[PDB]
Protein chains: 2
Amino acid sequence: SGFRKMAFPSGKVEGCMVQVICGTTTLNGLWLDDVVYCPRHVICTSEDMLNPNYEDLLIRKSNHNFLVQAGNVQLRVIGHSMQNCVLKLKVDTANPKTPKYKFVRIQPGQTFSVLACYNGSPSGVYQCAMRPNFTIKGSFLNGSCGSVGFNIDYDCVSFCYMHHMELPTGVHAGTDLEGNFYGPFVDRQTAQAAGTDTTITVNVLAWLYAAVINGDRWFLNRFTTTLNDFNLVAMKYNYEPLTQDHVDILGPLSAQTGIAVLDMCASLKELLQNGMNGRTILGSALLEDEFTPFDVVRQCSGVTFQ
Amino acid sequence: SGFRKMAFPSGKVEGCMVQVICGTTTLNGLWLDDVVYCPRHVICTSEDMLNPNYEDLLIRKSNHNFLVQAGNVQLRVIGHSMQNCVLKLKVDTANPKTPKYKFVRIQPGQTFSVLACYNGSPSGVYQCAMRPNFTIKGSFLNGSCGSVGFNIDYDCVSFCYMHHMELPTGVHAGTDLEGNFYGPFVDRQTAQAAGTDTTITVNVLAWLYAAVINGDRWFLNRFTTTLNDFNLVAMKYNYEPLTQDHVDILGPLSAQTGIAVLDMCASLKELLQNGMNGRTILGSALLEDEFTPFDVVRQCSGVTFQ
């Protein structure tokens with residue numbers, strides 16, 4: 001029993017993290033097969049970041065200007081190319097520790113594990129949700145750029161995030177591993193609006209299910225609701241509209257607990273309208289939205305990897 | 001910027017986790033050098049757990065009754081001994097993936113990373129505090145026994161916890177790697193009182209410092225206090241008494257922020273007496289006590305491993 005926000009074991013990703021140096025700039029890179037992926041702003045100075053012309057800045061760089069190191073072993077760059085906002089450095093050596101992997105563009109509301117790195121060295125691991133507004137609320141200090149987010153199913157590591165920047169508001173923005181930013185953001189040191197961050201309703205419901213399974217039941221009421229009625233309430237408190245797809249994803253959890261989804265919606269509605277009145281749920285005084293239905297099932301069943 | 005509850009990278013520990021089978025019982029073991037460590041209740045059946053005589057139950061076991069497997073590779077047990085509540089299985093092969101390591105008995109209030117395992121396979125990683133009452137609030141399903149807690153400094157993994165049991169109250173109890181239980185607990189399926197769980201005051205203060213560093217400053221007041229005055233309040237809300245040792249540990253954080261420890265105590269005192277009035281600190285609606293002063297410094301500075 002018990003319910004914790006836990007990350008995937010990071011070992012498989014630890015073996016892929018490298019240090020990338022170009023001029024004065026040092027950040028983290030991801031070494032898979034004979035290719036190293038990193039933020040293209042590795043080529044920028046502090047001044048360049050204000051208004052970079054990446055094509056022109058990269059022209060001034062050759063293969064030998066990129067220094068790649070995996071702890072102690074030196075990697076020779078034998079080719080470089082820019083794919084969107086990522087730089088692909090072709091190296092002479094295939095990573096012997098390359099896991100089975102995919103590149104995945106995740107949807108907003110989905111979760112992943114971040115391996116926070118500095119100077120190519122892993123610092124720590126934690127879970128994140130991709131916010132509806134395509135930001136993340138991580139822990140990223142100077143030099144953390146190129147740190148990656150991932151999910152692990154069985155053998156396969158699915159990379160979904162590379163960290164690029166912190167916005168003036170202190171939230172975090174980045175790309176998929178094809179170098180396409182999540183959200184409207186660009187790799188320029190400028191003012192960038194994230195937009196209204198809504199709560200991931202389906203995740204909150206999944207977490208309420210997790211609570212019931214672990215014996216926190218006080219918030220269960222004798223009321224029910226409709227999708228329309230509920231969504232009217234959702235809109236007021238800046239919650240994502242709940243769809244039938246969402247209802248279907250929660251089906252296994254409703255089946256385990258014997259609580260219909262719309263009954264659980266009615267509980268959430270009261271929590272939103274009345275608050276918690278000093279009580280807590282799974283050790284939290286607010287409604288948690290960083291667990292997907294999958295995360296709850298995975299943890300309540302105890303799925304392992306490799 | 002940003003502040004997250006993050007675990008140590010688990011790769012070094014992943015390579016040490018094995019499956020231990022004795023009869024019908026399967027749980028996790030820790031393979032270091034040519035010795036495998038596991039909970040001694042591996043030898044128990046469900047019935048045995050009610051009132052086990054471990055010496056007598058172990059007599060009925062020989063080396064060949066212990067099946068140890070590291071993924072696919074079979075380990076031959078060439079010796080077994082019981083050390084307190086742990087079983088030390090001598091195997092024929094030294095773990096090639098044995099990291100530099102120590103065994104450490106941590107103090108209450110200290111934190112560590114748990115690698116949750118099932119069938120010898122890592123499931124996930126999260127941070128825990130050893131509660132003042134020597135319990136932990138983890139996420140441990142059936143088969144998770146033998147999962148370990150650790151800290152990593154640079155090269156060295158310091159193992160501090162092995163999971164043994166869940167109490168009827170749903171909290172978790174276990175041993176150091178010498179097999180001595182933290183707290184008054186025993187490896188018997190019986191009723192066991194944990195005792196009053198107090199809040200780790202020094203950790204709450206460290207976290208308040210973390211908040212200030214990240215720009216959450218609303219709770220800073222124009223008041224101050226004494227240790228005695230503060231501790232009078234602490235006692236009322238079941239907080240650990242704050243000592244001068246605690247004050248000294250917080251010194252670096254007071255120096256960074258320019259907020260005296262006793263001034264920060266005065267803020268905490270008001271928070272305890274008035275609550276948060278609907279506001280949050282570092283995304284929490286309650287006071288967090290699972291970050292040590294070390295954890296805050298580590299994360300605010302960005303210390304890496306290997």
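Excluded from the calculations below are hydrogen atoms, water molecules and symmetry mates; all remaining heavy atoms, backbone and side chain alike, are included. Chain letters run A, B, ... following the sequence lines, proteins first and then strands; every chain starts at 1.
For the set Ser144(A), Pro122(A), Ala285(A), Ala116(A), the entry with the most heavy-atom pairs within less than 4.5 Å of chain B is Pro122(A). Options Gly170(A), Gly302(A), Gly138(A) differ in how many heavy-atom pairs under 4.5 Å they form with chain B, and the most are formed by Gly138(A). By number of non-hydrogen pairs under 4.5 angstrom with chain B, the leading residue of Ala7(A), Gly124(A), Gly15(A) is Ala7(A). Interface summary for chain A: among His172(B), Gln306(B), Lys137(B), the most heavy-atom pairs under 4.5 angstrom belong to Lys137(B). Per-residue heavy-atom pair counts under 4.5 Å with chain A were compared for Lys5(B), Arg298(B), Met276(B), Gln299(B), and the maximum is reached by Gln299(B). Of the residues considered (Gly11(A), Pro9(A), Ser121(A), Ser10(A)), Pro9(A) shows the highest number of contacts with chain B, using heavy-atom pairs under 4.5 Å.
Closest heavy-atom contact between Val303(A) and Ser123(B): O-OG, 2.7 Å. Between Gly2(A) and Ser139(B), the shortest heavy-atom contact is O-OG, 3.4 Å.
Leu286(A) places a side-chain heavy atom less than 4.5 Å from the side chain of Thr280(B).
Proximity to chain A is limited to the backbone of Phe3(B), based on heavy atoms less than 4.5 angstrom apart. For chain B, the nearby parts of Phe305(A) are the backbone and the side chain; heavy atoms of each come within less than 4.5 Å.
Annotation: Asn142(B), atom CG; neighbour count of heavy atoms from other residues, nucleotides and ligands within 6.0 Å does not exceed 12. Counting heavy atoms of neighbouring residues, nucleotides and ligands inside a 6.0 Å radius, atom CZ of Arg217(A) does not exceed 12 of them.
No side-chain donor-acceptor contact under 3.5 Å links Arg4(B) to the backbone of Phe140(A).
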